[PDB]
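Here is the structure we will look at.
Every number for a ligand or one of its atoms is a count from 1 in the order of the listing. Each chain gets a letter, A, B and so on, in the order its sequence line appears, and its residues count up from 1.
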Amino acid sequence: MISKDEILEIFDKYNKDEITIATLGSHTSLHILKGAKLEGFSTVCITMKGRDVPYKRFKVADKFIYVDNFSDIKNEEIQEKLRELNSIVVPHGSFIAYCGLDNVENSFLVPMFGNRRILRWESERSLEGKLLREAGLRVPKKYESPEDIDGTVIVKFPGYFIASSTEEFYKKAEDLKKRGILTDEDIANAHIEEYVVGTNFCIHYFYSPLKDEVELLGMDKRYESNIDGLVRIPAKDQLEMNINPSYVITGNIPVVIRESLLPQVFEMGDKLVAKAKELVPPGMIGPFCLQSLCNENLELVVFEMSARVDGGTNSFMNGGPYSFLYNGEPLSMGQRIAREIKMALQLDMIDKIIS
Amino acid sequence: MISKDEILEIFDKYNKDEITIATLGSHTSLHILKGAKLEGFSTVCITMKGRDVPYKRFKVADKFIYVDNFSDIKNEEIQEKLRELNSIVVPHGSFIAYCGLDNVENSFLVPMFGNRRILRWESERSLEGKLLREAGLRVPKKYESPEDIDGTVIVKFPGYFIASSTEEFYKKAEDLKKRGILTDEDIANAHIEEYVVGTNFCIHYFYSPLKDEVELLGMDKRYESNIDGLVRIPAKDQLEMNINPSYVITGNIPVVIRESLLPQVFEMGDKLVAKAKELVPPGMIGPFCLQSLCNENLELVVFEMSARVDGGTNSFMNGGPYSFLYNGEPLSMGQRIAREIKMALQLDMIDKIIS
Amino acid sequence: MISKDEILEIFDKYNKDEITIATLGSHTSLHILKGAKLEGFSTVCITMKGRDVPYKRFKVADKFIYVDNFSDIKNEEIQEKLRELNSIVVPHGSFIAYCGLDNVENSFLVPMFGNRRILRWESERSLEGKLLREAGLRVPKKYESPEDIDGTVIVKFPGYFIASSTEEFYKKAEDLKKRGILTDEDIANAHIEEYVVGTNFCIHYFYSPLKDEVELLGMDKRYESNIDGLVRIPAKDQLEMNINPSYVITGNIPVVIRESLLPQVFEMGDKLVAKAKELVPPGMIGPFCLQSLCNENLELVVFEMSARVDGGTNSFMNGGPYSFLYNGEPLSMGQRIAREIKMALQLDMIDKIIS
Amino acid sequence: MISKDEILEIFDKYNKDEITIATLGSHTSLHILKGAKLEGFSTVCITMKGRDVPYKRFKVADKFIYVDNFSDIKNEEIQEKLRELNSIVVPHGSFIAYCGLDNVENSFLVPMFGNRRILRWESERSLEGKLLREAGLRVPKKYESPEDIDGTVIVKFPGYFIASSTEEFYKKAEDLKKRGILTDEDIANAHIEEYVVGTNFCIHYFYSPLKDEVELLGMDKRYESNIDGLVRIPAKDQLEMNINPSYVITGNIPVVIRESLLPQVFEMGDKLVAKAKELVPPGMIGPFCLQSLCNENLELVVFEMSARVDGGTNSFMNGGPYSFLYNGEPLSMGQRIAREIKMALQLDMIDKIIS
Amino acid sequence: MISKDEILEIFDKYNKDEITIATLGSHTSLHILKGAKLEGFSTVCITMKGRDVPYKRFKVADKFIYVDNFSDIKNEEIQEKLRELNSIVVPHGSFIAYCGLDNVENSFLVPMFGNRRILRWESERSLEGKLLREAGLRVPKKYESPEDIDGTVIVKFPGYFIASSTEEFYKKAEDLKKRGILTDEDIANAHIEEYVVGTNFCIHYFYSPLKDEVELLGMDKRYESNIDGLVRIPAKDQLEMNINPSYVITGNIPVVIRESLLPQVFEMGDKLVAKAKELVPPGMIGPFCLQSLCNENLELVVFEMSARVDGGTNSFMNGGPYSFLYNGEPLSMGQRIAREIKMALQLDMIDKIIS
Ligand SMILES: Nc1ncnc2c1ncn2[C@@H]1O[C@H](COP(=O)(O)O)[C@@H](O)[C@H]1O
Ligand SMILES: Nc1ncnc2c1ncn2[C@@H]1O[C@H](COP(=O)(O)O)[C@@H](O)[C@H]1O
Ligand SMILES: Nc1ncnc2c1ncn2[C@@H]1O[C@H](COP(=O)(O)O)[C@@H](O)[C@H]1O
Ligand SMILES: Nc1ncnc2c1ncn2[C@@H]1O[C@H](COP(=O)(O)O)[C@@H](O)[C@H]1O
Ligand SMILES: Nc1ncnc2c1ncn2[C@@H]1O[C@H](COP(=O)(O)O)[C@@H](O)[C@H]1O
Ligand SMILES: Nc1ncnc2c1ncn2[C@@H]1O[C@H](COP(=O)(O)O)[C@@H](O)[C@H]1O
Ligand SMILES: Nc1ncnc2c1ncn2[C@@H]1O[C@H](COP(=O)(O)O)[C@@H](O)[C@H]1O
Ligand SMILES: Nc1ncnc2c1ncn2[C@@H]1O[C@H](COP(=O)(O)O)[C@@H](O)[C@H]1O
Ligand SMILES: Nc1ncnc2c1ncn2[C@@H]1O[C@H](COP(=O)(O)O)[C@@H](O)[C@H]1O
Ligand SMILES: Nc1ncnc2c1ncn2[C@@H]1O[C@H](COP(=O)(O)O)[C@@H](O)[C@H]1O
Ligand SMILES: [Cl-]
Ligand SMILES: [Cl-]
Ligand SMILES: [Cl-]
Ligand SMILES: [Cl-]
Ligand SMILES: [Cl-]
Ligand SMILES: [Cl-]
Ligand SMILES: [Cl-]
Ligand SMILES: [Cl-]
Ligand SMILES: [Cl-]
Ligand SMILES: [Cl-]
C-alpha cells in the first residue's frame, strides 16, 4: 500500500546534509555499515542486548537503536527515531523477517534503498518462478506430485530430502513424519523439483538505475549443515549411519567462475532485470543474487534468487576478485550500495533508488 | 618455424613509446588486462559480439578488435591490427585453442610474452610427461593397458571414469560407448593412470628471466562439474542413481598450503624450470602452473601442468595470501606479467621475455 | 619453571630502540614476519639449509639464524644470538615442537609473545578439555571405552578411524594394527568421542591485554588428506576400494560464518578468555583459535583449540573479510601480533604481553 | 574553576560506544573533522548561516549545531546538545575567542581535548614569556620603554611598527595615532622587543600523554598582509609610497628545516613540555606550536607559542614531509588528535587527555 | 685511490640476503632511511648522543652505530661495523664533510651508492665550473678581479656580499674585515660572479644506470638566513639599519616550474649527464641537483650543483608533484635511491651503482 510519493515526502522533510544509512544488526550488516562509513556516511544499527557485540567490536556503527526484540522494529517508535536521524534503511533477509513483509510493504514508513514492491516476488515461490521463467532463465524442472517423479528430485517445504522414485518419496516423508520434523500439512504442500547435479555459484549482481547497468560484484558457494558435513563422511561409514541430510545455511566460501561463462552470467542478470522492469516497476534496484548450479554442459540453472542483498556477499567484505576490477579497490556490496546512495544524493536522483 | 630474430625484427619496427598489451577476451584476460592497466599500459582485447560485455562492464580494455568468430584471430588481418597497435600478446589457454597451436608456432607473426616453443610441451601428454619425469617430479603411475590395472585408476581420453579392475574398465567403457559419449577410437587410445587420493593444489609460479628466479604467486583448487556436485549427494542416494562422474572445469576456489611444504613447492618449480631450460631453450618464461594432489604422506603429485597462465589465477585477481608478501599489494598474475614486460622495456631486455 | 621476573630482567638489558621480532621459519612465519615488517620491525628468521628458500624469495626476513636442524633452537647458543638481537620470539606450532615444550617452559630464556604457561594447556587433552568444559563451551561427547559406543564416533590416538558400534571399533583397530599403522599401545589409550556432523569453522581470535578485548580476526576450514580426497570419489567407486581415511592437515580454505551466529562466536571467545584468566594467569594472550563444527541446530561444537597462533591464519595473510572491518586494511594475524608488540613498547606495557 | 573530576563525571554519563568529536567550524576545523572521520569518529560542527558552506561541501561534518552567532557557543543550550551527542570538544584559536576564555575555564561544561588550564598561559604575554623563559628557550630581547631602544625593534599592541631609535618610535606612534589606528591607551601599554631577522618556522608538535613523547608533525611559515605584499614592491617604489606595514595572518606556506637543526627542534619541545608539567599540571596535552625565527647563527628564537592547535597545521591537511615518516601516511594534526582520542578510549586512559 | 674492484670484492664477502642501507644521521637521512624501509631494507644510522632523537622518534632506523663525534666515521672501527652489517652507504653533504673527502676517496672501505670519484667535482669550483661549462649549461658570468666589475655581482668566499662597482667591493670587503668576519686571506681569493636576478629552482634529478635515464624527482627553493628575513623588512626601515646580508641555508620551500620549461629542465640534466660520463666515468650515478635561477628571459642559470643527494629533497619526503607522476605514489628521493639498490640486487647489476 505504501506509496512512492508518500515516501518521497517523508524524505523531503529530511535534512539532506545529514543523511545516514541504517540497517538491522544481522545478516549482511557488517559490510553494509562498513561500506557506508567508507563512503562518508554516519551509520545507524538496530540491535539488541546479547546481539550487539559484533557491531561494537568491529566499530562499524555510530549510533545504536536498541530494541527489546528485533520484532519491535515494526513499532512506530523505532520508525520515528529512524526518521529523526535522516536514515535511509538498507533492507536485507533478517530485517524483512523480523519486521514482517506485510509491515514492510505498507506499515514501515522509513525511506528504503531498493524497489520495495519487489521484495514480495522473492518471498513467493510462484512469483519467483514466474519471474525467472518469464525472464528466460533455466530453472529446475518442477513436479506436480510424487507420482510424477521419474528421476532424482529434491523436495522442499516452506526439512529437506532427496528421492529417486515415488516409493522413496513416501518412505522418506514417513520417516520425517514419525521423527517429528514434518507435520502432515507440510507434506501436503511439498515442492518437488529436479535435483540439479553441479557446481554452486551464488552470483551477486548490482543494478544501477543511475548508470542503467547490471554489474557483477562477486560469487560464493553455500556452506550448509548438516549436508556438507554428511558428505565428508566416507561412503562405507555413511551406510552404517541412520542420518538424513539437512541444508541449513551456516556460511559461505569464495569461488570464481570459468571466464568463458561470464557472457552467460551477465545475460542472466540483464534478462532478469529487463523482465522485472515490466513485471514490478521500476524493477530490480541495487543488489540481487542468482543462486545457481552449473551442470556438466556448462549451463547455469537457477534454483533460487534474492531481490535484495544476499548473505553470500559476506564472503567478500574485504573485496573480491570481481569487485576489484572496476577501480582496484577492496569493494564490498555494502560499499557499492552506499556509493549509489551517495551519487544519487549528489545528482539529485534519490527518486531512482528509494521507495 | 617462427624464428626469434623474425620476432625481434617485428618488434623493432614497434614504437617503443606506445607498447600495448593484447590478449583474447577469455580464459584469464580480465586480470591480464586489469594488471596491464595497473602497470601503465594501454590494453587491447580481441573479442566478439555476444562475448564482449564482461570486458566492457569491467572497463578493462581500451581498444577492442572485434572478430567474427575467435577462430579469425589467426587471420593475417588481425595480426596486422595488432602490429600497428604495438601490442605484445599474452598467450593463454583459450587463445591457443581458437588460434590453433600450429598457427601459433609458425603462422602468428605478433610478438608474444613467454617461450613460444614450449607451448607444444604442455599440449602433448608425452612431452609433458617427459618434462615432469625428467625434471624429477612425482607423477601418477602410468598403465599401458586395461590388463595392467591393479588398483584404483582414472582413465582419460583427449569423458572420464574410475576403475578398480580390468573388468570394471570394460564395463564402464561399454557404458560410455552405448551412451554415445565415447567412440571406439577414443577408448583405443585410453590413457590410464594411478588415481591419486588427496588434496588439490594448483600452484601458480612465475619465472622471471630478469631476476632469474622462480616466484610463488598463488594457489587454487578446481571446482568441477558434475563431480563436485555428484559427491555432495549422500552415499545412500548416490547408490540409487545411475550417474557417471564428469570433470568439467567450471571454476576455482582459493587454498593455502601447509607452510612446512613450501620448500617442496619451490623445489618443484626450480626443478621444472632447470629442466625446461635444457629441453626447450630458453625454458619456462613467466607464468606456469603445477596441478598437483597432496597425498597423506605430504607428497605433492603432479597430474597436469601449464606452460603459460592457468585459469586458476582468476581466484586471486584482487591479489592473494602469497602475492601479498612481496610488497603488501593486491598483486594478480596478470599484473605480475605486465610488470615484467614493463621492467624489460625499461632495462632494454625485451629479448629475455618475448618470442 | 621460567619466571616472569626472570624474563622481564632479560628484556631490560634489551636495547629498547632496536626491538626485533623473531620466529622459526615454518608454520605461520610468513605473515608473522611480513606483519612485523609492515609494523616497522626488523625481523629474525630461524631457518636451515633446504628449508630457507620461501623466506628468501618472499623477502620477509632481515636476519637469518641458520641451525643444523630445527631441534638446535633449544641450544643456548641460539638463545644468545636472539638476546643479542633484542628479539621478542613469536611462538607457533612448529616452534614448540622442534624446541620441545619442556625446553620452552623452563630452558628457553628468550622473551616470548603470549602467556608461556598456557602453551601446556593446549598440549594436553585433559587440560584442554578441562578448560573448554569449565569455560562453558560445547564439546564432543566423550567415551570411556569401546563398549560405551552408541552412535558414530571418531577415534584419535596421540592414525584415525570412524566407528558406529563396539564391534566396528575392534575390526578397524585390528585393521590398523595388522597394517602397521597402530601398535597395541596406541589403541590402549584410544580417545573416543562423538562424531560431530557439520560445517568446519576454525575461528581465529586475538585477545588484547592492552585493550582488554577479544577480537575476531578470521576463519578457515581445514583441507585434510586423504579424507578430502577420499570423499571426492563417487560412492560406488569408494565401495570398490579398500581405503581408510586419514586426517593429515595439508592446507586451508577461507570461509565466513552466517552473521547471526557472531554473537555466539564472540561469547565463545569471551568465555574461554574469562576462564583461562582464572585457570592459567594472566590467561589467553594474543592469538587463539577455536576449531569447531556447526551442527544443523546452528550450534558450534569445539573439538580442538590452540593457545597461540593457528596454521589457518595463513588463509588470510593478505587480510580477510573480518580483519578488514576494523580499519579497511589487509590485516593478517601476524600484523595484529606485531601491532600489539608495537603499542606495548610505546605505552610501556610490555609486561602485559611477554613471558 | 572547572574541576577535572567535574569533567570526568560528565564524561562518565557518556555513552562510551558513541563518542563523537566536536569543534567550531573555523580556524583548523577542516582537518580536525576530516582527521576524526578518518579515525572512525562521527563529527559535530558548530556553525552558522553564511559560514557553513565550506563544511558542507567538504563533507567533513556529520551533524551540525547551528548557532545565531558563534558567541552563542557559551550558551548552556549548546553545551547540552554537545553532551547529548557524547562529544569531546577539540579547542582551537577561534573557539576560545568566540566562547571567551573565562567561559572556557569555568562556564563550559563539555569535555575538552587538552589541558584546559594551560589555555590561559598562551593568552597572557607574561605567562607565555614566563614559560618560554623558564623552559630555557631563546626569546626576543624585551624593552621596558621607548628610551631603552638601542637597535631595530618591533612594537606590538594587544597595529604594528618597526623602530630603530627612541625618536622613530614616537614619530611612528604619532602617525598611527593621527590616522586613527591606535588610541593613546594602546601606546601606553606598547610591547617593545628585539626585531629578530631570520627565517620563519612555525613548528607544530604533539605531546602524547599515552606515549609520554613529544612528536614533530610539521612546519609552516606565515603569509601576512600587508607586509608580504609590501616587501614584494621594489625598494625604489616603496620609498615613493606612504605605507605602513601590517601583520595580519592571511595564510600559510610549507617549509622544512635543515635536518641538522632537528636536535635543537626536539629539545625545544622537550624543554617546553618538561617546564609546563611543573607550572601548569599536567602540562602540554596534544598539539602545540613554537613560532620561531632562525637567525644567521642557526638559532631558533621563539616570539610566540600556542598551547593548542595552531592555524598553520592547515598547510599539511593532506599530510606533510614530517607527518609522513611515522607510517608513510597523509597524516594531519587533526587526525593525530583523533587518534589519541581513539587510543585513550581503547586503553581506558581518557583521563590523560581530557579536562 | 680506492679501486672499483677493491670495492666489488668487499661487497662479494657480503651476505647478499641481508643487504642493509646505511647513512649518517643528518642532512637528508630521514627520507634516505624512510625510503629504504619502504623498499624492504633494514637500515643503519650513524648517530651520536644529543643528535639521535629525531631518528629515534621518527622510527626510521633499525640499528644505530653511535660515534663519539661524527668525525669518527672515518675510523676503521666504524668501517668494520658497517661491513659486518652488509651495509651499502648512501653519501650526502654532511657525511662527506664529517668523514673528509680525502678519507672518502681512498680511506673509506665501505660500499657506497653512486660514483665515488665524482664527489670531488662538486667540491672544487674549478671542476664544477669546468663540468657545467663543458656540459653546455648557462652559468653566471665570472670576474677575475674587483676591477672587472661592471654590473651587480655577488662575491663568495670558501660571508657574502653584493657589489655594483669596484669601489663598493672594497668598501664592503673592508667592512667585513673590520668586523671580524673575513680575514685578508679570504678576500685574497674572493670569487666574483654575475648576480643573477630571478626565481630559484633547485632541480632534483636521478640518473638511473639500470634504465639509462635521467628522471625529474622534484624542486625546491632555498630559505636562507639572514637574507630572507632581511628582505622581509620594509625598504624604509632597512635603510635605517646597519645590516649585511648572509646566505645561510636554514630550510626549503616547494615550488613547481612552468610546464613549458620542462624540455629545458630535462635537456640540462641530459647534457650534464652526457658530459660527466666523459669527464668522470661512469659519470653521474643516482641523485643530482642543479641549483638555478630563472631570469626574465625564461632561461635557467646554474650557480651551483651537487653530485649526490641535495638537502632540498627534504621538501618532498612525503612525495611531491613530480615524483607522483610515475606511479601515483608518495615517492621521495630516499626511496628512489633504495629502489635502485633493490632492482640492482635483483638483476645482478650492483656494479652499475656502487663504488
Ligand atoms: N534444484 C536443486 N538441485 C540440487 N540442490 C538443490 C536444489 N535446490 C536447492 N538445493 C540445495 O538446497 C539448498 C537449500 O535450497 P533453497 O532452500 O532452495 O535455497 C541449496 O543451497 C542447494 O544447495
Ligand atoms: N550467509 C548466508 N548465505 C546465504 N543465505 C543466508 C545467509 N545468512 C542468512 N541467509 C538467509 O537469510 C535468512 C535470515 O537470516 P538469519 O537472520 O541469519 O536467520 C535465512 O533464512 C537465510 O535463508
Ligand atoms: N591422477 C589423478 N588422480 C586423481 N584425480 C585426477 C587425476 N588426474 C586428474 N584428476 C582429476 O580430473 C580432473 C581433470 O584432470 P585433467 O583433465 O588431467 O586436468 C583434475 O582436475 C582432477 O580433479
Ligand atoms: N578456471 C579455469 N581453471 C582451470 N582450467 C581452465 C579454467 N578455464 C579454462 N581452463 C582451461 O583452458 C581451456 C580453454 O578454456 P575455455 O575457453 O574457457 O574453454 C579449457 O579446456 C580448460 O582446460
Ligand atoms: N568430534 C569430531 N567430529 C567430527 N570430526 C572430527 C572431530 N574431531 C576431529 N575431527 C576431524 O579430524 C581432524 C583432525 O582432528 P584433530 O586431530 O582433533 O585436530 C579435524 O580437523 C576434523 O576434521
Ligand atoms: N595450515 C595448518 N592448519 C592447521 N594446523 C596446522 C597447519 N600447519 C600446521 N598445523 C599444526 O601445527 C603442527 C606443526 O606443523 P608442521 O611443522 O607443519 O608439521 C602440525 O602438527 C599441525 O597440527
Ligand atoms: N621579535 C620579532 N622579530 C621580527 N618579527 C616579528 C617578531 N615578532 C613578531 N614578528 C612578526 O609579526 C608577526 C605577528 O607577530 P605576533 O603578533 O607576535 O604573532 C609574526 O608572525 C612575525 O612575522
Ligand atoms: N592560518 C593561521 N595561521 C596562524 N594563525 C592563525 C591562522 N588562523 C587563525 N590564526 C590565529 O587564530 C585567531 C583566530 O582566528 P580567526 O577566527 O580566523 O580570526 C587569529 O587571531 C590568529 O591569531
Ligand atoms: N650568481 C648568483 N646570483 C644571485 N644569487 C646567488 C648567486 N649565487 C648564489 N646566490 C645566492 O647565494 C646563496 C648561496 O650560494 P652558494 O653558496 O653558491 O650555494 C644561493 O642559494 C643563492 O640564493
Ligand atoms: N636543506 C638544505 N638545503 C640545501 N643545502 C643544504 C641543506 N642542508 C644542508 N645543506 C648543505 O650541506 C652542507 C652540510 O649540512 P649540515 O651538516 O646541515 O651543515 C651544508 O654546508 C649545506 O651547504
Ligand atoms: Cl547480493
Ligand atoms: Cl540471503
Ligand atoms: Cl599460472
Ligand atoms: Cl588453464
Ligand atoms: Cl589463531
Ligand atoms: Cl596450528
Ligand atoms: Cl599545532
Ligand atoms: Cl593559531
Ligand atoms: Cl638531489
Ligand atoms: Cl646539499
Counting heavy atoms under 4.0 Å, the part of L261(C) that contacts ligand 2 is neither
What residue and atom, counting heavy atoms only, is the protein's closest point to atom 22 (C) of ligand 2, and at what distance?
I249(A) CG2, 4.0 Å
For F206(B), which of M284(B), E215(B), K211(B), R339(B) qualifies under side chain to side chain contact (heavy atoms under 4.5 Å, CB included)?
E215(B)
Any nitrogen or oxygen of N252(A), side chain or backbone, less than 3.5 Å from one on ligand 2?
yes
Hey, is atom 3 (N) of ligand 2 under 4.0 Å from any protein heavy atom?
yes
Less than 3.5 Å between some nitrogen or oxygen of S260(C) and one of ligand 2, yes or no?
yes
Answer with yes or no whether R222(A) contacts ligand 2, where contact means a heavy atom under 4.0 Å from a ligand atom.
yes
Counting heavy atoms only, which of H27(A), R258(C), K221(A), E259(C) comes nearest to atom 16 (P) of ligand 2?
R258(C)
Are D102(A) and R120(A) within salt-bridge range, i.e. N to O under 4.0 Å?
yes
Would you check if the distance from the ring center of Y223(A) to the ring center of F201(C) is below 6.0 Å?
yes
Would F324(A) and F58(B) count as a close aromatic pair, with their ring centres under 6.0 Å?
no
Using modelled atom types and a 3.5 Å cut-off, is there a donor and acceptor pairing between side-chain atoms of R116(A) and backbone atoms of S355(A)?
yes
